[PDB]
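Worksheet: one structure, shown below.
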Amino acid sequence: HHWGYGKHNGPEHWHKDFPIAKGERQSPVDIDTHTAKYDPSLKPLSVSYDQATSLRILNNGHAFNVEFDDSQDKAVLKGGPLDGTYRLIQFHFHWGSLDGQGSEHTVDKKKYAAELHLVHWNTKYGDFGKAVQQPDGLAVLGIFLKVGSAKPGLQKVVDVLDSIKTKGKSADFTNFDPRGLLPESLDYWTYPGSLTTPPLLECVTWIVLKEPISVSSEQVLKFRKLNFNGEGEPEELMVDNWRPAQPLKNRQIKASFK
Ligand SMILES: NS(=O)(=O)c1ccc(CCNC(=S)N2CC(=O)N3CCc4ccccc4[C@@H]3C2)cc1
Ligand SMILES: [Zn+2]
């Protein structure tokens, strides 16, 4: 009886196995754009993905992850609210059953069709597993998806999903350039938070870009053909793999822009 996103094992149940689910810095949150304050102390954000080395794509039963080689400083996130160097390890998405829901963060209570999470770890902790035990261990770059024009840089991901339909399937996924998933502007909001899935560790600096990317209805329809289940088990479509907004508590969301 493992965690997931069903009626019986979904987000409102997670606190029984992961009591930090009711903690002081949980994610995601609603970004109230009128209360977020411009912070002129935020240094410029530096996304350096030219040397990124993707390896594999995996269906892990709750999303699909594109994994990178993080054994040197090839693809790094720096600047903005961050002290030091954060190495890209994986990206994944959260999405809905319908275009009106799917994002984890909300903007003035608006839900987007999906949300991309580019996950990075603080290299001063030596490995990812050590970094997730630290309050500044991870930086997650969050990017909203809206349905409109296709995102050409997404299509190589969309086209491999048929090969990883079910939990535990992986496929080789080399030479994928995550720069193709970025919007034009790097204007962002930032706050301290958590992983949005169990174990819900409070180790994340969140950086959520204001500008959504556009993907086509056919692109997001292909995400919704994935399965939560393993091969040879009852088919359960991988949809609505998002945690709703959590209480902000004693936190301020800062804006990089006026
Ligand atoms: N939705 S979210 O953005 O808040 C979020 C971000 C990150 C996580 C943790 C997911 N775990 C992840 S992504 N892990 C587990 C692990 O120990 N290793 C470390 C070793 C390794 C090496 C190469 C490539 C991958 C890995 C995995 C990655 C969970 C949730
Ligand atoms: Zn995520």
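Mind the numbering: the sequence shown is residues 3 to 125, 127 to 261 in the entry's author numbering, read in order. Built from N, CA and C at the ideal position, the CB exists for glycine as well.
Spatially closest choice to residue i from the options, by CA coordinates
{"i": "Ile-216", "options": "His-119, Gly-86, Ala-65", "result": "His-119"}
{"i": "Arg-182", "options": "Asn-230, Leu-90, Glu-205", "result": "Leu-90"}
{"i": "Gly-8", "options": "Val-242, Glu-205, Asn-253, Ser-152", "result": "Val-242"}
{"i": "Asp-41", "options": "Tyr-191, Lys-112, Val-160", "result": "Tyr-191"}
{"i": "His-36", "options": "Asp-110, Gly-151, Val-207, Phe-226", "result": "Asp-110"}
{"i": "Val-161", "options": "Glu-221, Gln-255, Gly-102", "result": "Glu-221"}
{"i": "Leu-84", "options": "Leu-141, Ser-197, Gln-92", "result": "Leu-141"}
{"i": "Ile-22", "options": "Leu-164, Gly-12, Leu-57, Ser-197", "result": "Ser-197"}
{"i": "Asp-75", "options": "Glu-238, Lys-228, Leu-189, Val-49", "result": "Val-49"}
{"i": "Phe-20", "options": "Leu-203, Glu-238, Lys-228", "result": "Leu-203"}
{"i": "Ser-219", "options": "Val-78, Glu-106, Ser-152", "result": "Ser-152"}
{"i": "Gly-86", "options": "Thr-108, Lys-133, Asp-72, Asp-139", "result": "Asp-139"}
{"i": "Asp-101", "options": "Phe-147, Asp-71, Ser-188", "result": "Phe-147"}
{"i": "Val-121", "options": "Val-163, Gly-25, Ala-77", "result": "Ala-77"}
{"i": "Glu-214", "options": "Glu-69, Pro-155, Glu-117", "result": "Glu-117"}
Local conformation of residue i per DSSP, three classes
{"i": "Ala-23", "result": "helix"}
{"i": "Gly-196", "result": "strand"}
{"i": "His-17", "result": "helix"}
{"i": "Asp-52", "result": "coil"}
{"i": "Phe-226", "result": "helix"}
{"i": "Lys-113", "result": "coil"}
{"i": "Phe-66", "result": "strand"}
{"i": "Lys-149", "result": "strand"}
{"i": "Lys-159", "result": "helix"}
Buried versus exposed call for residue i [16 or more other C-beta atoms within 10 Å across all chains shown]
{"i": "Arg-27", "result": "buried"}
{"i": "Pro-30", "result": "buried"}
{"i": "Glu-234", "result": "exposed"}
{"i": "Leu-184", "result": "buried"}
{"i": "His-94", "result": "buried"}
{"i": "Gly-98", "result": "buried"}
{"i": "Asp-32", "result": "buried"}
{"i": "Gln-255", "result": "exposed"}
{"i": "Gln-92", "result": "buried"}
{"i": "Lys-261", "result": "exposed"}
{"i": "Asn-253", "result": "exposed"}
{"i": "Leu-224", "result": "exposed"}
{"i": "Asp-72", "result": "buried"}
{"i": "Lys-133", "result": "exposed"}
{"i": "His-96", "result": "buried"}
{"i": "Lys-18", "result": "exposed"}
{"i": "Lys-228", "result": "exposed"}
{"i": "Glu-205", "result": "buried"}
{"i": "residue 264", "result": "Not covered by the structure: residue 264. The range shown for the chain is 3 to 261."}
Presumed contact (8 angstroms Cβ cut-off) between residue i and residue j, rounded CB distance
{"i": "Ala-248", "j": "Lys-39", "result": "Actually they are not in contact, since the Cβ atoms of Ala-248 and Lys-39 sit about 19 angstroms apart, beyond 8 angstroms."}
{"i": "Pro-195", "j": "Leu-212", "result": "Not a contact, Cβ separation roughly 17 angstroms."}
{"i": "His-64", "j": "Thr-200", "result": "6 angstroms"}
{"i": "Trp-16", "j": "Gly-104", "result": "So it is not a contact: roughly 19 angstroms between Cβ atoms."}
{"i": "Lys-149", "j": "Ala-174", "result": "Going by Cβ atoms, the distance from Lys-149 to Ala-174 rounds to 27 angstroms, so no, they are not a contact pair."}
{"i": "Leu-144", "j": "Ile-210", "result": "5 angstroms"}
{"i": "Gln-137", "j": "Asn-124", "result": "7 angstroms"}
{"i": "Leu-57", "j": "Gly-82", "result": "Wrong, their Cβ atoms sit about 27 angstroms apart, outside the cutoff."}
{"i": "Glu-239", "j": "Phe-231", "result": "5 angstroms"}
{"i": "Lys-172", "j": "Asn-67", "result": "So it is not a contact: roughly 12 angstroms between Cβ atoms."}
{"i": "residue 266", "j": "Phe-131", "result": "The shown model of the chain, from 3 to 261, leaves out residue 266, and the question about it has no answer."}
Residue(s) in a DSSP beta bridge with residue i
{"i": "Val-143", "result": "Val-121, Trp-209"}
{"i": "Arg-89", "result": "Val-78, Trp-123"}
{"i": "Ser-173", "result": "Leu-60"}
{"i": "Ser-29", "result": "Note: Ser-29 sits in no beta bridge, so no partner."}
{"i": "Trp-97", "result": "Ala-116"}
{"i": "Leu-47", "result": "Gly-81"}
{"i": "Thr-108", "result": "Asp-32"}
{"i": "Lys-39", "result": "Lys-257"}
Open item on the list: Any residue with its C-beta under 6 angstroms from a non-hydrogen atom of ligand 3 counts. Can you list them all in chain order?
Closed with: No copy of ligand 3 occurs in the structure displayed; its ligands are ligand 1 and ligand 2 alone.
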